[PDB]
Ligand SMILES: [Cl-]
Ligand SMILES: [Cl-]
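Chains as they are written, first to last, in the authors' numbering: chain B, 36 to 361; chain A, 36 to 259, 276 to 362.
Right, here's the structure in full:
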C-alpha cells in the first residue's frame, strides 16, 4: 500500500498521478513564522484547493509533493489541501538544496535514521508517513550530497519506498547519481531521475531508461519564452518550449521505453525560496497550473499519434508501479 | 513594560538578568521534525528546567533567549520551560548565521516587516512577542548581513526594542556594525556589541563604550581562561563604564547546529551551565574588590534599562 497524507491507499486508488509537484516551495518553519508573505495561510490554502480541484476535474487523482523538510514541507498544509480538494497527496522525506546546519552537519548514519523516522514513524508529531525520498544535487555531487544519496538508498532498501532526484544548474546529473545508488545496491526501478526534460540529450536519457531508471519528464510547462527581459524567470524556467519538453516523452516512447517515463508539471501554489512574487510570474506562464499535463500535454501527444493506452500507461500504470513499496 | 514568553512584565520584575542565552541552538522546525536528536522533546525540557532552576537558585530571574527563527527558536518550548522554572524568558527576532533561502532572498524592507511582525504581532500563532532583535555577522559584513543590520535598526526605531549583535570569526567587528547602525539613526544605547570578551583589545572596547554602546561580555565560560575574560569587566568598570556592561554565559541546553554531542563537550567544560555567571564570575569580581552595588548595577540595572522599550 502507498502512504498518503490521508493515510494508506491501494494501488488501484492512485489513478492519474503527477509525480513531481509541491503545494508550497519554502523553508522549514517559514510558512508558520511569516504566513503573510503568502498573503495569509488561508489564502494559500484557498489557492491550492482551487488549483488542485481544477487538476482533479481534468482527471488528476494523486500528486506527489516532493517537498522536504528544508523546502518547507508543512504536512498539515498538505493534509488540509488534500482533503478539501479530495486529491491524494504523497509526502516526501529527503534533503533539497538548502539544508540548515542541523541537517548538513549530520552523518550518513544520522541522515538514514531521519529518513526512516519520516517513512516508518511519521513526520513531526502527525503520524503522517512519507511515501517517497527526494534528493537534489548540484552539477558535481558535493560530499554532503553524496551522504544524502547514500542515506536515501539505505532508507529505500529498508522500506521499499522510492527515491526521486534532480540536479540543479546542470542539464545532466543522472549518471553520477546512479553510480552512487548502485554502489549501495539500490535497484534502478526504485529511482526517478527527475527534471530530465531539462536536456535534449536523447542518448543520455535512453541509456538511463535502458538500465531501468524512471525518467522524470516533469517540468513540462516551465518556459520563459516571451519573458526574456526577466532574468530570474529565464534562470528558473529555461528557454525551451513546453512542446520541446513534451516531445521527449514521444522520443522515449518511440525508442521502446514507455514504461520508464513519469510526467509532471513541477508546479506549486506559493514560493518563498526564490525572488519575491515569482508565483505571479509562473502563473502568467501557465494559468492551467497542475492541470497543464492532462489538459494540454496529453492532447498534444495524442495529436502527434501516441495511442491513448500508452498515455494511460505513463500517467497511471508507471507511477503506481513506482510508488508501490517494493 | 518588557514582553516575555509569558506576557508583559514590569521593570521591577525583571531582576538579575542574563542577557545572551539560549534554551536550544538548532534550526527552524528541527526540534519538531527530529526531537529524537535531543533524546526527546521531554528530555530537553527536563534538562532546561533543571538548568534554569539552578540559575534561579543562584539569583537569576530573567534570561534573554537570543535564538532567532534560523537558530531554531521554538517559543512554545521557551514558554513551557519559563513556566516550569519560574524564570522569565525574553524571546528574540532577527537573523543568525544560517538563514534559509526564504530569509536570505529577502530585501531590507521585507526583513524589516518580518522583524516588526515578530515584535508587534507575535511569533508564529502564539501571540508571544519578541523583546529583542539579534543579528550575527561574519568578519567582513556581507551584503546580506548589512541588510539585516539595517532592518534591525529600522525595527528598533519603530518599536524601541534593543538590538544585540556579534561577529563570528573575529575578535573585533563592532566598528563595522556601529557605522551601519548610526547611518540609520539608531542610538548606540539601543545596541549591545556582544561576544566582546573574545578580544583583549581594551582600547577597542572602551572606545565603543564611550560612544554609548553596551558591551556584551557574554561568552565568559567558553574559554575552553575565563578569569582573563572576566577581568575585562573590572577593567571597563575602572574606565568608568559600569553602566555600559552586560554579562552572560551564551549557554544552552541542547545544540544541533554543530557536531553531534557537542552539548556533552560544552557541559564537561562548564558544568555550572547558566549558573556560571552568578556562581563563579560574581564571586571572582567581588574578591577583586568590585562593590556589591556595582555588581547589582551590571546584573540588574543595566539589563532593565537596555530591555525597556525606549524610542
Ligand atoms: Cl524540488
Ligand atoms: Cl546567537
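Don't be surprised by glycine CBs; every beta carbon is placed ideally from N, CA and C.
Which residues of chain B have a Cβ atom closer than 8 angstroms to the Cβ of residue i, listed in chain order?
i, result
"residue 309 of chain A", "136 and 140"
"residue 181 of chain A", "None at all; the shortest Cβ gap to chain B is about 19 angstroms."
Helix or strand or just coil, what does DSSP make of residue i?
i, result
"residue 390 of chain B", "No answer is possible for residue 390 of chain B: the residues shown for chain B start at 36 and end at 361."
"residue 321 of chain B", "coil"
"residue 186 of chain A", "helix"
"residue 43 of chain A", "strand"
"residue 202 of chain B", "strand"
"residue 230 of chain B", "coil"
"residue 240 of chain A", "helix"
"residue 100 of chain A", "strand"
"residue 169 of chain B", "strand"
"residue 352 of chain B", "helix"
"residue 196 of chain A", "coil"
"residue 147 of chain B", "helix"
"residue 55 of chain B", "strand"
"residue 209 of chain B", "helix"
"residue 80 of chain B", "helix"
"residue 86 of chain A", "helix"
"residue 154 of chain B", "helix"
"residue 215 of chain A", "helix"
"residue 163 of chain A", "coil"
"residue 330 of chain B", "helix"
"residue 267 of chain A", "The model contains no atoms for residue 267 of chain A, which sits in the stretch where chain A goes from 259 to 276 directly."
"residue 106 of chain A", "helix"
What does residue i reach in chain A if we use C-beta pairs closer than 9 angstroms?
i, result
"residue 133 of chain B", "135, 136 and 137"
"residue 166 of chain B", "Near residue 166 of chain B there are no residues of chain A at all, since even the closest Cβ is about 17 angstroms away, more than 9 angstroms."
Looking at residue i: is its Cβ nearer than 9 angstroms to the Cβ of residue j?
i, j, result
"residue 172 of chain B", "residue 206 of chain B", "no"
"residue 283 of chain A", "residue 232 of chain A", "yes"
"residue 246 of chain B", "residue 300 of chain B", "no"
"residue 331 of chain A", "residue 223 of chain A", "no"
"residue 305 of chain A", "residue 138 of chain A", "no"
"residue 219 of chain B", "residue 185 of chain B", "yes"
"residue 170 of chain B", "residue 129 of chain B", "yes"
"residue 227 of chain A", "residue 199 of chain A", "yes"
"residue 251 of chain B", "residue 298 of chain B", "yes"
"residue 168 of chain A", "residue 191 of chain A", "yes"
"residue 95 of chain B", "residue 150 of chain B", "no"
"residue 112 of chain A", "residue 325 of chain A", "no"
"residue 194 of chain A", "residue 155 of chain A", "yes"
"residue 303 of chain B", "residue 56 of chain B", "yes"
"residue 80 of chain B", "residue 115 of chain B", "yes"
What residues of chain A sit near residue i, judged by a beta carbon separation below 8 angstroms?
i, result
"residue 186 of chain B", "The premise fails here: residue 186 of chain B is roughly 13 angstroms from chain A at the closest Cβ pair, so nothing lies under 8 angstroms."
"residue 152 of chain B", "69 and 71"
"residue 48 of chain B", "Ordered by position in chain A, no residue passes the 8 angstroms Cβ test against residue 48 of chain B, which lies about 28 angstroms from the chain."
With a 10 Å radius around its C-beta and 16 neighbouring C-beta atoms as the bar for buried, classify residue i as buried or exposed.
i, result
"residue 334 of chain A", "exposed"
"residue 134 of chain A", "buried"
"residue 362 of chain A", "exposed"
"residue 188 of chain A", "buried"
"residue 47 of chain B", "exposed"
"residue 295 of chain A", "buried"
"residue 237 of chain B", "exposed"
"residue 312 of chain A", "exposed"
"residue 141 of chain B", "buried"
"residue 180 of chain B", "buried"
"residue 279 of chain A", "exposed"
"residue 323 of chain B", "buried"
"residue 339 of chain A", "exposed"
Mind pulling the chain B residues with CB within less than 7 angstroms of residue i?
i, result
"residue 64 of chain A", "63, 64 and 104"
"residue 77 of chain A", "Result: empty, since nearest Cβ-Cβ is about 12 angstroms, beyond 7 angstroms."
"residue 229 of chain A", "Neighbours of residue 229 of chain A on chain B: none; closest Cβ ~20 angstroms, over 7 angstroms."
"residue 210 of chain A", "Within chain B, no residue comes near residue 210 of chain A; the closest Cβ sits about 28 angstroms away, beyond 7 angstroms."
Would you mind telling me which residues of chain A sit closer than 7 angstroms to residue i, beta carbon to beta carbon, in chain order?
i, result
"residue 149 of chain B", "69"
"residue 159 of chain B", "67 and 68"
DSSP puts residue i in a beta bridge; with which residues?
i, result
"residue 300 of chain A", "According to DSSP, which records beta bridges pairwise, residue 300 of chain A is partnered with nothing at all."
"residue 130 of chain A", "A:170"
"residue 38 of chain A", "A:43"
"residue 288 of chain B", "Paired residues: none, contrary to the question."
"residue 250 of chain A", "A:228 and A:296"
"residue 220 of chain B", "Its beta-bridge partners do not exist; DSSP assigns none."
"residue 60 of chain A", "A:306"
Mind pulling the chain B residues with CB within less than 9 angstroms of residue i?
i, result
"residue 129 of chain A", "Near residue 129 of chain A there are no residues of chain B at all, since even the closest Cβ is about 12 angstroms away, more than 9 angstroms."
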